[PDB]
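Chemist: What follows is the file input.cif, containing mmCIF, C-alpha atoms; chains and numbers go by the auth columns:
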```
data_upload
#
loop_
_atom_site.group_PDB
_atom_site.id
_atom_site.type_symbol
_atom_site.label_atom_id
_atom_site.label_comp_id
_atom_site.label_asym_id
_atom_site.label_seq_id
_atom_site.Cartn_x
_atom_site.Cartn_y
_atom_site.Cartn_z
_atom_site.B_iso_or_equiv
_atom_site.auth_seq_id
_atom_site.auth_asym_id
ATOM 1 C CA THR A 1 -7.908 -45.000 90.755 0.00 1 A
ATOM 2 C CA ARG A 2 -6.903 -41.801 88.952 0.00 2 A
ATOM 3 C CA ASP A 3 -10.508 -41.263 87.909 0.00 3 A
ATOM 4 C CA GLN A 4 -11.764 -38.415 90.098 0.00 4 A
ATOM 5 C CA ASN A 5 -14.872 -37.661 88.035 0.00 5 A
ATOM 6 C CA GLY A 6 -18.080 -36.894 89.835 0.00 6 A
ATOM 7 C CA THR A 7 -20.107 -34.604 92.045 0.00 7 A
ATOM 8 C CA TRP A 8 -18.505 -34.499 95.500 0.00 8 A
ATOM 9 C CA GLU A 9 -20.223 -33.192 98.643 0.00 9 A
ATOM 10 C CA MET A 10 -18.103 -32.084 101.581 0.00 10 A
ATOM 11 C CA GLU A 11 -18.631 -34.138 104.724 0.00 11 A
ATOM 12 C CA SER A 12 -15.679 -32.904 106.789 0.00 12 A
ATOM 13 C CA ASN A 13 -13.350 -29.870 106.920 0.00 13 A
ATOM 14 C CA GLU A 14 -10.629 -29.873 109.570 0.00 14 A
ATOM 15 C CA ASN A 15 -8.474 -26.830 110.410 0.00 15 A
ATOM 16 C CA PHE A 16 -9.804 -24.672 107.590 0.00 16 A
ATOM 17 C CA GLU A 17 -9.332 -21.866 110.171 0.00 17 A
ATOM 18 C CA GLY A 18 -5.594 -22.426 110.551 0.00 18 A
ATOM 19 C CA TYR A 19 -5.108 -22.728 106.802 0.00 19 A
ATOM 20 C CA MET A 20 -7.001 -19.494 106.117 0.00 20 A
ATOM 21 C CA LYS A 21 -5.073 -17.695 108.854 0.00 21 A
ATOM 22 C CA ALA A 22 -1.802 -18.862 107.288 0.00 22 A
ATOM 23 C CA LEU A 23 -3.025 -17.214 104.080 0.00 23 A
ATOM 24 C CA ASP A 24 -3.725 -13.964 106.006 0.00 24 A
ATOM 25 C CA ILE A 25 -7.474 -14.057 105.359 0.00 25 A
ATOM 26 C CA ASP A 26 -9.224 -11.475 107.550 0.00 26 A
ATOM 27 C CA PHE A 27 -10.941 -12.481 110.791 0.00 27 A
ATOM 28 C CA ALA A 28 -14.421 -11.535 109.658 0.00 28 A
ATOM 29 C CA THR A 29 -14.150 -13.575 106.465 0.00 29 A
ATOM 30 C CA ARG A 30 -12.773 -16.538 108.411 0.00 30 A
ATOM 31 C CA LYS A 31 -15.712 -16.356 110.833 0.00 31 A
ATOM 32 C CA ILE A 32 -18.042 -16.870 107.870 0.00 32 A
ATOM 33 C CA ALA A 33 -16.061 -19.341 105.746 0.00 33 A
ATOM 34 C CA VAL A 34 -15.695 -21.970 108.512 0.00 34 A
ATOM 35 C CA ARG A 35 -19.479 -22.394 108.453 0.00 35 A
ATOM 36 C CA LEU A 36 -19.660 -23.219 104.759 0.00 36 A
ATOM 37 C CA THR A 37 -19.932 -26.633 103.091 0.00 37 A
ATOM 38 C CA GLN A 38 -18.610 -27.218 99.559 0.00 38 A
ATOM 39 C CA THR A 39 -19.768 -29.175 96.532 0.00 39 A
ATOM 40 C CA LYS A 40 -17.024 -29.967 94.044 0.00 40 A
ATOM 41 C CA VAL A 41 -17.840 -31.058 90.504 0.00 41 A
ATOM 42 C CA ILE A 42 -14.952 -32.672 88.660 0.00 42 A
ATOM 43 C CA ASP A 43 -15.045 -33.268 84.913 0.00 43 A
ATOM 44 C CA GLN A 44 -11.910 -35.231 84.030 0.00 44 A
ATOM 45 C CA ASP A 45 -10.788 -36.484 80.632 0.00 45 A
ATOM 46 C CA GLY A 46 -7.405 -38.150 80.873 0.00 46 A
ATOM 47 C CA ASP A 47 -5.106 -35.561 82.425 0.00 47 A
ATOM 48 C CA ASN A 48 -7.508 -32.721 81.541 0.00 48 A
ATOM 49 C CA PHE A 49 -9.394 -31.393 84.576 0.00 49 A
ATOM 50 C CA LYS A 50 -12.280 -28.964 84.880 0.00 50 A
ATOM 51 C CA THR A 51 -13.476 -28.352 88.439 0.00 51 A
ATOM 52 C CA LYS A 52 -16.446 -26.291 89.621 0.00 52 A
ATOM 53 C CA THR A 53 -16.844 -25.495 93.299 0.00 53 A
ATOM 54 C CA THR A 54 -19.875 -24.084 95.115 0.00 54 A
ATOM 55 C CA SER A 55 -19.953 -23.070 98.787 0.00 55 A
ATOM 56 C CA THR A 56 -23.213 -23.245 100.735 0.00 56 A
ATOM 57 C CA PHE A 57 -24.590 -22.410 104.156 0.00 57 A
ATOM 58 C CA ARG A 58 -27.887 -23.715 105.477 0.00 58 A
ATOM 59 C CA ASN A 59 -29.946 -21.176 107.404 0.00 59 A
ATOM 60 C CA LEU A 60 -32.227 -22.035 110.306 0.00 60 A
ATOM 61 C CA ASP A 61 -35.664 -23.232 109.253 0.00 61 A
ATOM 62 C CA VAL A 62 -38.474 -20.708 109.633 0.00 62 A
ATOM 63 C CA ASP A 63 -41.793 -22.342 110.488 0.00 63 A
ATOM 64 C CA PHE A 64 -45.018 -20.507 111.215 0.00 64 A
ATOM 65 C CA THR A 65 -48.797 -20.594 111.068 0.00 65 A
ATOM 66 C CA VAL A 66 -50.597 -17.655 109.464 0.00 66 A
ATOM 67 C CA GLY A 67 -52.292 -15.607 112.178 0.00 67 A
ATOM 68 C CA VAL A 68 -50.209 -16.980 115.071 0.00 68 A
ATOM 69 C CA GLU A 69 -47.556 -14.593 116.393 0.00 69 A
ATOM 70 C CA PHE A 70 -44.152 -16.183 116.990 0.00 70 A
ATOM 71 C CA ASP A 71 -40.706 -15.335 118.340 0.00 71 A
ATOM 72 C CA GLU A 72 -37.948 -15.016 115.770 0.00 72 A
ATOM 73 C CA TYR A 73 -34.229 -14.702 116.417 0.00 73 A
ATOM 74 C CA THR A 74 -32.777 -13.405 113.182 0.00 74 A
ATOM 75 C CA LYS A 75 -29.544 -15.442 113.273 0.00 75 A
ATOM 76 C CA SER A 76 -29.013 -15.251 109.500 0.00 76 A
ATOM 77 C CA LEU A 77 -28.893 -11.458 109.695 0.00 77 A
ATOM 78 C CA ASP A 78 -28.625 -9.140 112.725 0.00 78 A
ATOM 79 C CA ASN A 79 -29.278 -11.672 115.496 0.00 79 A
ATOM 80 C CA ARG A 80 -32.157 -9.745 117.078 0.00 80 A
ATOM 81 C CA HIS A 81 -35.360 -10.897 118.734 0.00 81 A
ATOM 82 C CA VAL A 82 -38.614 -9.932 117.009 0.00 82 A
ATOM 83 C CA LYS A 83 -42.238 -10.946 117.437 0.00 83 A
ATOM 84 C CA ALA A 84 -43.370 -11.904 113.952 0.00 84 A
ATOM 85 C CA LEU A 85 -46.964 -12.078 112.745 0.00 85 A
ATOM 86 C CA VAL A 86 -47.838 -13.338 109.270 0.00 86 A
ATOM 87 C CA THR A 87 -51.242 -12.567 107.758 0.00 87 A
ATOM 88 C CA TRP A 88 -52.826 -12.761 104.313 0.00 88 A
ATOM 89 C CA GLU A 89 -53.746 -9.648 102.357 0.00 89 A
ATOM 90 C CA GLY A 90 -55.426 -11.249 99.391 0.00 90 A
ATOM 91 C CA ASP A 91 -52.813 -13.648 98.017 0.00 91 A
ATOM 92 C CA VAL A 92 -49.946 -11.626 99.519 0.00 92 A
ATOM 93 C CA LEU A 93 -48.300 -13.101 102.578 0.00 93 A
ATOM 94 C CA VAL A 94 -47.513 -10.163 104.891 0.00 94 A
ATOM 95 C CA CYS A 95 -45.189 -10.312 107.892 0.00 95 A
ATOM 96 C CA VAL A 96 -44.655 -7.671 110.535 0.00 96 A
ATOM 97 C CA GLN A 97 -41.547 -8.170 112.671 0.00 97 A
ATOM 98 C CA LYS A 98 -42.191 -6.174 115.840 0.00 98 A
ATOM 99 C CA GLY A 99 -39.090 -5.108 117.716 0.00 99 A
ATOM 100 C CA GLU A 100 -36.296 -2.547 117.869 0.00 100 A
ATOM 101 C CA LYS A 101 -36.409 -1.685 114.175 0.00 101 A
ATOM 102 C CA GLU A 102 -39.288 0.370 112.853 0.00 102 A
ATOM 103 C CA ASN A 103 -41.136 -0.735 109.679 0.00 103 A
ATOM 104 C CA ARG A 104 -39.469 -4.144 109.739 0.00 104 A
ATOM 105 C CA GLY A 105 -41.142 -6.955 107.886 0.00 105 A
ATOM 106 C CA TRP A 106 -41.666 -8.575 104.539 0.00 106 A
ATOM 107 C CA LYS A 107 -44.260 -9.404 101.897 0.00 107 A
ATOM 108 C CA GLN A 108 -44.262 -12.511 99.694 0.00 108 A
ATOM 109 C CA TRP A 109 -46.434 -13.485 96.721 0.00 109 A
ATOM 110 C CA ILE A 110 -46.638 -15.573 93.519 0.00 110 A
ATOM 111 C CA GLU A 111 -46.974 -14.184 89.992 0.00 111 A
ATOM 112 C CA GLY A 112 -46.657 -16.559 87.062 0.00 112 A
ATOM 113 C CA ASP A 113 -43.700 -18.878 87.666 0.00 113 A
ATOM 114 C CA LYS A 114 -42.085 -16.481 90.102 0.00 114 A
ATOM 115 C CA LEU A 115 -42.039 -15.783 93.831 0.00 115 A
ATOM 116 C CA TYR A 116 -41.605 -12.166 94.912 0.00 116 A
ATOM 117 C CA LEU A 117 -40.212 -11.202 98.310 0.00 117 A
ATOM 118 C CA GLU A 118 -39.936 -7.609 99.481 0.00 118 A
ATOM 119 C CA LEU A 119 -38.045 -7.059 102.706 0.00 119 A
ATOM 120 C CA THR A 120 -38.338 -3.755 104.578 0.00 120 A
ATOM 121 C CA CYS A 121 -36.434 -2.069 107.381 0.00 121 A
ATOM 122 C CA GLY A 122 -36.885 1.637 108.069 0.00 122 A
ATOM 123 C CA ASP A 123 -36.807 3.447 104.723 0.00 123 A
ATOM 124 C CA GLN A 124 -35.007 0.586 102.972 0.00 124 A
ATOM 125 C CA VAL A 125 -36.671 -1.926 100.665 0.00 125 A
ATOM 126 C CA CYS A 126 -34.985 -5.049 99.295 0.00 126 A
ATOM 127 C CA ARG A 127 -36.723 -6.811 96.396 0.00 127 A
ATOM 128 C CA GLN A 128 -35.959 -10.462 95.636 0.00 128 A
ATOM 129 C CA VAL A 129 -37.328 -12.553 92.776 0.00 129 A
ATOM 130 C CA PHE A 130 -37.182 -16.371 92.668 0.00 130 A
ATOM 131 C CA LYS A 131 -37.971 -18.779 89.853 0.00 131 A
ATOM 132 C CA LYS A 132 -39.741 -22.066 90.507 0.00 132 A
ATOM 133 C CA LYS A 133 -37.426 -25.013 89.915 0.00 133 A
ATOM 134 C CA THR B 1 -52.814 -18.190 94.349 0.00 1 O
ATOM 135 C CA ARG B 2 -52.034 -18.651 98.047 0.00 2 O
ATOM 136 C CA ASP B 3 -50.166 -21.852 97.247 0.00 3 O
ATOM 137 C CA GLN B 4 -46.482 -20.979 97.633 0.00 4 O
ATOM 138 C CA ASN B 5 -45.225 -24.570 97.733 0.00 5 O
ATOM 139 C CA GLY B 6 -42.072 -25.421 95.875 0.00 6 O
ATOM 140 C CA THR B 7 -38.334 -25.089 95.479 0.00 7 O
ATOM 141 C CA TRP B 8 -37.510 -21.476 94.598 0.00 8 O
ATOM 142 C CA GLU B 9 -34.174 -20.303 93.171 0.00 9 O
ATOM 143 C CA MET B 10 -33.195 -16.659 93.521 0.00 10 O
ATOM 144 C CA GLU B 11 -32.819 -14.840 90.216 0.00 11 O
ATOM 145 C CA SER B 12 -32.628 -11.255 91.486 0.00 12 O
ATOM 146 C CA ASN B 13 -31.775 -9.413 94.730 0.00 13 O
ATOM 147 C CA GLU B 14 -32.025 -5.623 94.700 0.00 14 O
ATOM 148 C CA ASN B 15 -30.734 -3.384 97.516 0.00 15 O
ATOM 149 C CA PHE B 16 -29.858 -6.236 99.856 0.00 16 O
ATOM 150 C CA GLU B 17 -26.973 -3.897 100.835 0.00 17 O
ATOM 151 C CA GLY B 18 -29.243 -1.087 102.012 0.00 18 O
ATOM 152 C CA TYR B 19 -31.497 -3.494 103.886 0.00 19 O
ATOM 153 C CA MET B 20 -28.559 -5.127 105.679 0.00 20 O
ATOM 154 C CA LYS B 21 -27.095 -1.727 106.540 0.00 21 O
ATOM 155 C CA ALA B 22 -30.446 -0.682 108.021 0.00 22 O
ATOM 156 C CA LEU B 23 -30.162 -3.769 110.234 0.00 23 O
ATOM 157 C CA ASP B 24 -26.634 -2.686 111.306 0.00 24 O
ATOM 158 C CA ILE B 25 -24.932 -5.729 109.782 0.00 25 O
ATOM 159 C CA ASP B 26 -21.156 -5.206 109.741 0.00 26 O
ATOM 160 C CA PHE B 27 -19.359 -4.078 106.584 0.00 27 O
ATOM 161 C CA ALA B 28 -17.324 -7.238 106.184 0.00 28 O
ATOM 162 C CA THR B 29 -20.385 -9.475 106.419 0.00 29 O
ATOM 163 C CA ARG B 30 -22.254 -7.266 103.951 0.00 30 O
ATOM 164 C CA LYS B 31 -19.355 -7.510 101.486 0.00 31 O
ATOM 165 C CA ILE B 32 -19.824 -11.285 101.480 0.00 32 O
ATOM 166 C CA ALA B 33 -23.619 -11.595 101.679 0.00 33 O
ATOM 167 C CA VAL B 34 -24.312 -9.466 98.567 0.00 34 O
ATOM 168 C CA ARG B 35 -22.537 -12.123 96.495 0.00 35 O
ATOM 169 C CA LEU B 36 -24.754 -14.973 97.646 0.00 36 O
ATOM 170 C CA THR B 37 -27.733 -16.543 95.865 0.00 37 O
ATOM 171 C CA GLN B 38 -30.540 -18.233 97.822 0.00 38 O
ATOM 172 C CA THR B 39 -32.675 -21.324 97.355 0.00 39 O
ATOM 173 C CA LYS B 40 -35.915 -21.292 99.317 0.00 40 O
ATOM 174 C CA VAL B 41 -37.890 -24.479 99.897 0.00 41 O
ATOM 175 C CA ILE B 42 -41.467 -23.921 101.010 0.00 42 O
ATOM 176 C CA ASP B 43 -43.600 -26.737 102.395 0.00 43 O
ATOM 177 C CA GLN B 44 -47.097 -25.330 102.894 0.00 44 O
ATOM 178 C CA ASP B 45 -50.187 -27.093 104.205 0.00 45 O
ATOM 179 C CA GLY B 46 -53.085 -24.684 104.478 0.00 46 O
ATOM 180 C CA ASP B 47 -51.847 -21.851 106.678 0.00 47 O
ATOM 181 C CA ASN B 48 -48.992 -23.997 108.042 0.00 48 O
ATOM 182 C CA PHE B 49 -45.601 -23.017 106.605 0.00 49 O
ATOM 183 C CA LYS B 50 -42.196 -24.651 106.851 0.00 50 O
ATOM 184 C CA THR B 51 -39.428 -22.853 104.960 0.00 51 O
ATOM 185 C CA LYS B 52 -35.813 -23.926 104.462 0.00 52 O
ATOM 186 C CA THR B 53 -33.304 -21.486 103.023 0.00 53 O
ATOM 187 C CA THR B 54 -29.799 -22.172 101.709 0.00 54 O
ATOM 188 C CA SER B 55 -27.321 -19.506 100.583 0.00 55 O
ATOM 189 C CA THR B 56 -24.715 -20.333 97.942 0.00 56 O
ATOM 190 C CA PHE B 57 -21.758 -18.748 96.195 0.00 57 O
ATOM 191 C CA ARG B 58 -20.203 -20.112 93.027 0.00 58 O
ATOM 192 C CA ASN B 59 -16.412 -19.995 92.938 0.00 59 O
ATOM 193 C CA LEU B 60 -14.362 -19.493 89.790 0.00 60 O
ATOM 194 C CA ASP B 61 -13.781 -22.672 87.814 0.00 61 O
ATOM 195 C CA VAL B 62 -10.318 -24.195 88.127 0.00 62 O
ATOM 196 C CA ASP B 63 -9.196 -25.929 84.941 0.00 63 O
ATOM 197 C CA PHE B 64 -5.811 -27.517 84.384 0.00 64 O
ATOM 198 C CA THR B 65 -3.850 -30.218 82.602 0.00 65 O
ATOM 199 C CA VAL B 66 -1.601 -32.470 84.682 0.00 66 O
ATOM 200 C CA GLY B 67 2.025 -31.556 84.018 0.00 67 O
ATOM 201 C CA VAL B 68 1.305 -28.095 82.570 0.00 68 O
ATOM 202 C CA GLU B 69 2.099 -25.197 84.906 0.00 69 O
ATOM 203 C CA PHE B 70 -0.589 -22.512 85.067 0.00 70 O
ATOM 204 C CA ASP B 71 -1.274 -19.126 86.646 0.00 71 O
ATOM 205 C CA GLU B 72 -3.799 -19.089 89.463 0.00 72 O
ATOM 206 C CA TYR B 73 -5.334 -16.055 91.132 0.00 73 O
ATOM 207 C CA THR B 74 -6.783 -17.346 94.372 0.00 74 O
ATOM 208 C CA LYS B 75 -9.923 -15.168 94.380 0.00 75 O
ATOM 209 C CA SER B 76 -11.875 -17.536 96.645 0.00 76 O
ATOM 210 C CA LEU B 77 -9.250 -17.122 99.362 0.00 77 O
ATOM 211 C CA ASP B 78 -6.373 -14.620 99.667 0.00 78 O
ATOM 212 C CA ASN B 79 -6.433 -13.181 96.140 0.00 79 O
ATOM 213 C CA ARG B 80 -2.770 -13.907 95.389 0.00 80 O
ATOM 214 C CA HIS B 81 -1.003 -14.955 92.209 0.00 81 O
ATOM 215 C CA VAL B 82 0.639 -18.390 92.226 0.00 82 O
ATOM 216 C CA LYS B 83 2.152 -20.613 89.558 0.00 83 O
ATOM 217 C CA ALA B 84 0.470 -23.969 90.057 0.00 84 O
ATOM 218 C CA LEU B 85 1.766 -27.316 88.827 0.00 85 O
ATOM 219 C CA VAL B 86 -0.261 -30.504 89.224 0.00 86 O
ATOM 220 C CA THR B 87 1.432 -33.897 88.922 0.00 87 O
ATOM 221 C CA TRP B 88 0.542 -37.495 89.742 0.00 88 O
ATOM 222 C CA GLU B 89 2.256 -39.390 92.541 0.00 89 O
ATOM 223 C CA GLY B 90 0.682 -42.777 92.055 0.00 90 O
ATOM 224 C CA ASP B 91 -3.058 -42.106 92.233 0.00 91 O
ATOM 225 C CA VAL B 92 -2.546 -38.949 94.316 0.00 92 O
ATOM 226 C CA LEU B 93 -3.017 -35.672 92.504 0.00 93 O
ATOM 227 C CA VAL B 94 -0.343 -33.305 93.862 0.00 94 O
ATOM 228 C CA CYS B 95 -0.307 -29.539 93.365 0.00 95 O
ATOM 229 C CA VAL B 96 2.460 -27.121 94.223 0.00 96 O
ATOM 230 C CA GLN B 97 1.412 -23.464 94.272 0.00 97 O
ATOM 231 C CA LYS B 98 4.638 -21.502 93.842 0.00 98 O
ATOM 232 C CA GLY B 99 4.543 -17.961 95.154 0.00 99 O
ATOM 233 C CA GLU B 100 4.824 -15.807 98.264 0.00 100 O
ATOM 234 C CA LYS B 101 3.726 -18.526 100.673 0.00 101 O
ATOM 235 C CA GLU B 102 6.099 -21.356 101.459 0.00 102 O
ATOM 236 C CA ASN B 103 4.859 -24.984 101.357 0.00 103 O
ATOM 237 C CA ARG B 104 1.631 -23.969 99.640 0.00 104 O
ATOM 238 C CA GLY B 105 -0.249 -26.603 97.725 0.00 105 O
ATOM 239 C CA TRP B 106 -2.655 -29.475 97.963 0.00 106 O
ATOM 240 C CA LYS B 107 -3.041 -33.214 97.445 0.00 107 O
ATOM 241 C CA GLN B 108 -6.214 -34.972 96.280 0.00 108 O
ATOM 242 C CA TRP B 109 -7.090 -38.669 96.021 0.00 109 O
ATOM 243 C CA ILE B 110 -9.925 -41.241 95.998 0.00 110 O
ATOM 244 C CA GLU B 111 -10.460 -43.964 98.601 0.00 111 O
ATOM 245 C CA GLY B 112 -13.651 -45.995 98.482 0.00 112 O
ATOM 246 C CA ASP B 113 -16.589 -43.647 97.899 0.00 113 O
ATOM 247 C CA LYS B 114 -14.684 -40.650 99.196 0.00 114 O
ATOM 248 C CA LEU B 115 -12.464 -37.873 97.872 0.00 115 O
ATOM 249 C CA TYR B 116 -9.713 -36.610 100.168 0.00 116 O
ATOM 250 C CA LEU B 117 -8.213 -33.138 99.840 0.00 117 O
ATOM 251 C CA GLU B 118 -5.348 -31.917 102.000 0.00 118 O
ATOM 252 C CA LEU B 119 -4.488 -28.250 101.694 0.00 119 O
ATOM 253 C CA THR B 120 -1.175 -26.926 103.025 0.00 120 O
ATOM 254 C CA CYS B 121 0.256 -23.500 103.759 0.00 121 O
ATOM 255 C CA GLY B 122 3.370 -23.123 105.897 0.00 122 O
ATOM 256 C CA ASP B 123 2.981 -25.410 108.912 0.00 123 O
ATOM 257 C CA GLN B 124 -0.805 -25.593 108.558 0.00 124 O
ATOM 258 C CA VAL B 125 -2.699 -28.536 107.090 0.00 125 O
ATOM 259 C CA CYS B 126 -6.421 -28.533 106.300 0.00 126 O
ATOM 260 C CA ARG B 127 -8.041 -31.918 105.636 0.00 127 O
ATOM 261 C CA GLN B 128 -11.325 -32.129 103.724 0.00 128 O
ATOM 262 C CA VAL B 129 -13.357 -35.251 102.976 0.00 129 O
ATOM 263 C CA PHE B 130 -16.104 -35.421 100.325 0.00 130 O
ATOM 264 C CA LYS B 131 -18.652 -38.128 99.600 0.00 131 O
ATOM 265 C CA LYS B 132 -19.615 -39.030 96.046 0.00 132 O
ATOM 266 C CA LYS B 133 -23.196 -38.022 95.297 0.00 133 O
#
```
Would you mind writing the file's structure down as structure tokens?

Modeler:
Amino acid sequence: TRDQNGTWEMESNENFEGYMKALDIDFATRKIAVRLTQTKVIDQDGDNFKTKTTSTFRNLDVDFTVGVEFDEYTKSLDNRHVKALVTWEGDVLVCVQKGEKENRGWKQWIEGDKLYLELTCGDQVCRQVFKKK
Amino acid sequence: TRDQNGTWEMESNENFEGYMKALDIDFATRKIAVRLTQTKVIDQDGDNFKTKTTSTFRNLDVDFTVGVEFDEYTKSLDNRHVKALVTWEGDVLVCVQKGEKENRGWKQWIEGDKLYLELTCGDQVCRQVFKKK
């Protein structure tokens, strides 16, 4: 069939490394791209094609119980070991990540239809906002 | 509310760069990570949390008509200009990407519930397989 319409989820990707190297893509980018999975959306009308591609990586799950300190290896970021403790301050979920970095942690809370997450390390604050789907 | 259950899609991410730099994450990784959007799935039962996070990047759309040569800037890969021509060979969609690289192109076809995509550059072949969702 010539009908390639649909939403297509990558199951297999062989020698993406060699292909990217042949295209002179830098080592650091190749290290990251080989870990990604793609979803390809094809909208086809006769010989007219529109394709949309998204690349995704799944991070390690983070599971915890409030009030119970746990070991965290921060593989999605700097790959360090921290001892994390999550507590409630009112309706704000507060985490302290004890380790090499000073003032490392995060705070997470709900307002309206949105989730707020503030990440801290040293004097740096990152603010993320998520909408409920 | 302390109930943070749900699927949460990132709408905003401020100073992720400064945070990552504070964590000593390498330049090349930071260049990539600032472009990503996250989906956070929270499964919460009392003070028991399970969180799953996925990071995604959306690539540029690729639109074309079979038989009509078009200009392609390969932003998702090596950022080169090629003149791409897609033709049918039977039910196989064949693209030649004319430019600096020799033997650059791809072939795409359906078999059963799967889409096959073979990418070539020089002597390198990458084979991807997708399942229909």

Chemist: Quick one: pull the distance between CA of residue 120 (chain O) and CA of residue 105 (chain O), Å, one decimal.

Modeler: 5.4 Å

Chemist: Go ahead and compute the interatomic distance for CA of residue 46 (chain A) and CA of residue 76 (chain O), in Å to one decimal.

Modeler: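 Here the two named atoms are 26.3 Å from each other.
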
Chemist: What's the 10 Å shell around residue 60 (chain A), counting all atoms listed in the file, without same-chain residues fewer than 3 positions away, as a list in words?

Modeler: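 In the requested format, the answer is residues 57, 63, 73, 74, 75 and 76 of chain A; 51, 52, 53 and 54 of chain O.
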
Chemist: Please, which residues of chain O lie no more than 6 Å from chain A when the count uses all atoms listed in the file, and can they be set out as a ChimeraX atom specification?

Modeler: /O:1-2,7-16,19,25,47-59,61-66,78,91,124,126-133

Chemist: What is the distance, in Å and to one decimal place, between CA of residue 81 (chain A) and CA of residue 34 (chain O)?

Modeler: 23.0 Å
